[PDB]
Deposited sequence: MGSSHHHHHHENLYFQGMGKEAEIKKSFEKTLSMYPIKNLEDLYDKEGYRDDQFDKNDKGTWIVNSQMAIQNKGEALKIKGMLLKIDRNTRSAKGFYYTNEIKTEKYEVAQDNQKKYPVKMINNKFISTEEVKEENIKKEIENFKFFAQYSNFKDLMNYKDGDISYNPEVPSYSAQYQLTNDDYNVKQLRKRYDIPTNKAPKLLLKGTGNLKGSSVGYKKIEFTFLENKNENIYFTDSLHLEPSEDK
């Protein structure tokens, strides 16, 4: 648990640029001159009944050495349980972080993608912080209510087509997941992660 608090206590980080000056856990795989890169990823996955799993998220690499951040917005559609190559639905839209905003470094023609990038917020920017697995790979999973501050935050920012209260999974080897629905071919989950890794 409080292995998560070392990270989650930081939330919210309204200005992600503060991560330039936030030190994380460095180990002998980090070179002595590498301050590290924060990899931040937030992602909503929504599957309406009889429809494909629709995914939208952003991945950002915040390089502490160069005080710059690059990554991409991404959308995807997943239809089957198993791997089908021809579902080539993954689109990536490269962005940079400039003044705590996310800026396309390419042309984006679809007005609907432009808006999503312009208004995007990572979970770390707006959040605030039973059933235990441990296979040495630990996890703790909790049943939340719809008055949980973070559940309300998700329902504002995303259109969640179920009113069931999600479970929060703290998965660690780190990564967090709000699972709203987990029926067969009817999945709704939000994930987020923030970790420091070598550049």
Practice problem: Write out the missing regions of the deposited sequence in sequence order, one range per stretch. | Solution: 1-24, 154-158, 166-171, 209-218, 245-247
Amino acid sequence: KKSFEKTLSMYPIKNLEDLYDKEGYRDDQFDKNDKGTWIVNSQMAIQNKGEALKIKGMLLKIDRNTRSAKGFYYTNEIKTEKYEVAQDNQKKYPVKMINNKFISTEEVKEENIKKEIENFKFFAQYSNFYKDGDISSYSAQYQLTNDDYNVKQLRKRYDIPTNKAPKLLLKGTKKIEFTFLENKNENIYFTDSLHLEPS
From here on, numbers count along this sequence of modelled residues.
Practice problem: Look up the CA B-factors in the entry and say which stretch, 44-52 or 24-32, has the higher mean. | Solution: 24-32
Practice problem: Using only the Cα atoms and their B-factors as the entry lists them, report which of 63-71 and 138-146 averages higher. | Solution: 138-146
Practice problem: Compare the CA B factors listed in the entry for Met97, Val108, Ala86, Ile117 and report the winner. | Solution: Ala86
Quiz prompt | Relative C-alpha B-factor of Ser199, binned into the chain's lowest, middle or highest third | solution = middle
Quiz prompt | Entry-reported Cα temperature factor of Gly133, expressed as the chain third it lands in | solution = highest
Self-check item: CA B-factor placement of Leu169, once the chain's modelled residues are sorted into thirds
Solution: middle
Exercise. Please rank the C-alpha B-factors of the chain's modelled residues and tell me whether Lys91 sits in the lowest, middle or highest third.
Key: middle
Practice problem: Comparing against every modelled residue in the chain, figure out the third that the C-alpha B-factor of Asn185 lands in (lowest, middle or highest). | Solution: highest
